[PDB]
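Read the structure below first, then the notes.
Throughout, read-outs are computed from the coordinates displayed, never taken from laboratory work. Counting neighbours? That spans all protein chains shown, and the Cβs are built from the backbone with ideal geometry, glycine included.
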Amino acid sequence: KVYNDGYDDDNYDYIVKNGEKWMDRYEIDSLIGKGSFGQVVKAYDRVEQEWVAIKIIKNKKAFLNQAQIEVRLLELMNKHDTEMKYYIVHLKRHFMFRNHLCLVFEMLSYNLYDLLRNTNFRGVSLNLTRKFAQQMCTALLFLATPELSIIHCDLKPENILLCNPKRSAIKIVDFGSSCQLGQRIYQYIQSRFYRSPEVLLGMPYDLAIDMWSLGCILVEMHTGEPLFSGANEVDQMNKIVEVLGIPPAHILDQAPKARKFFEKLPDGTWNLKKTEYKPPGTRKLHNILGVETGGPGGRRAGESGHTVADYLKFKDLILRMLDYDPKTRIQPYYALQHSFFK
Ligand SMILES: CC(=O)Nc1nc2ccc([N+](=O)[O-])cc2s1
């Protein structure tokens, strides 16, 4: 009939009410986000005299233990920042309130998926995409810090918010799915579109999987559409094969889940499995990006920054970001050296 003295609901979520005041400090405005973890709300802090975003975690050990891992990581990252010149969202403070662990974050603006939606999925300019791509490469450079060595493990356009709606400065949010580089515990990781080949193949993974995710995201910010929109793991892998060809033999000879998508003929070479799809590596990125045809669907014809020479620099970086082999996939540091950022 009632859960937690009438504060909680069926699904262990605090019933957020408008105009409620918590701890004589936070004035609740309205619900803004939702997910597995629980809820997210817009709140005004009377002390610091500023808007904040409070992540109200579900009243259940499982979710509370996950949140406590996130806090550990956010405080670990925020300890190595202070200046906030590395594009990780700032965990201000946390506390328990009516049996919910709350995480007070700075109030960020709408996310990149919201930005995509506002273009009717026609995408944004290369000049703005560069800016995002530069900040993210720096963000990943930060996470690659030896003492951190953090894998976000769930990069997508919804986990990339703007600081201000009239600026291009961004922040990465949601480190609930993240864990520091460790021995392989979990295998079904990342959102499907942005899921690396090594994960799909069930091989050892590291911080490179975040790079793959960025590659996929950056193309999508410009074209306006997901690069690899798989309806399931098999489809997802086949959309990748369309663009980049068949993964190298030496990868697939190691892959535990190789046979889920491919088949090893008597010669010792791999081909697809018939279930549809263009042949291996014939839906070229050059053509998707529209290097020599005025960009995605010709919509960027004769705009500054969108020349053949610009697009070619963009294309090259992305191909290095989408390198099948994670040992060779471009590292954050050298991505920033790339001529796309001159
Ligand atoms: C949705 C909106 O208008 N503003 C939001 N800002 C932030 C900032 C941080 C987090 N977070 O969970 O780390 C979520 C949100 S939602």
Quick check on my filter: what residues within region 290-326 are closer than 30 Å to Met203 by Cα and part of a helix (DSSP H, G or I)? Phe314, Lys315, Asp316, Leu317, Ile318, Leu319, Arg320, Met321
Residue, surrounded by the most Cβ atoms within 10 Å (Cβ to Cβ), within region 85-99, restricted to residues that are over 19 Å from the mean Cα position of the chain (by Cα) and within 14 Å of the ligand (Cβ to nearest atom): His94
Wholly within region 151-267, which helices (runs of 4 or more DSSP H) include no fewer than the required count, namely at least 3 residues that are touching a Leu at 6+ places or on another chain (Cβ under 8 Å)? 208-223, 233-244
What tally of residues in region 23-44 results from selecting those that are in a strand (DSSP E or B), over 15 Å from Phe97 (Cα atoms) and not aliphatic (A, V, I, L, M)? 6
Within region 107-124, restricting attention to residues that are within 15 Å of the chain's Cα centre (by Cα) and part of a helix (DSSP H, G or I), which residue is nearest to the ligand (Cβ to nearest atom)? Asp114
List every residue pair whose Cβ atoms sit under 7 Å apart, with the two residues 6 or more apart in sequence or on different chains, where the first one lies in region 173-193 and is closer than 21 Å to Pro146 by Cα and the second, anywhere, is away from the ligand (no atom under 16 Å from the Cβ) and not in a helix (DSSP H, G or I). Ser178/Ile151; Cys179/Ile151; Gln180/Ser149; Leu181/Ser149; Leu181/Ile151; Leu181/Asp206; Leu181/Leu207; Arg184/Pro204
Residues located in region 125-150, provided they are in a loop (DSSP other than H, G, I, E, B) and not aliphatic (A, V, I, L, M): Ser125, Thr145, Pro146, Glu147, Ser149
Please determine whether any residue of region 214-224 is over 15 Å from the mean Cα position of the chain (by Cα) and of a type in the set (D, E, K, R). no
Can you find even one residue in region 58-68 that is over 19 Å from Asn4 (Cα atoms), out of contact with any strand residue (DSSP E or B) (no Cβ under 6 Å at 6 or more places or on another chain) and either in a loop (DSSP other than H, G, I, E, B) or within 14 Å of the ligand (Cβ to nearest atom) (or both)? yes
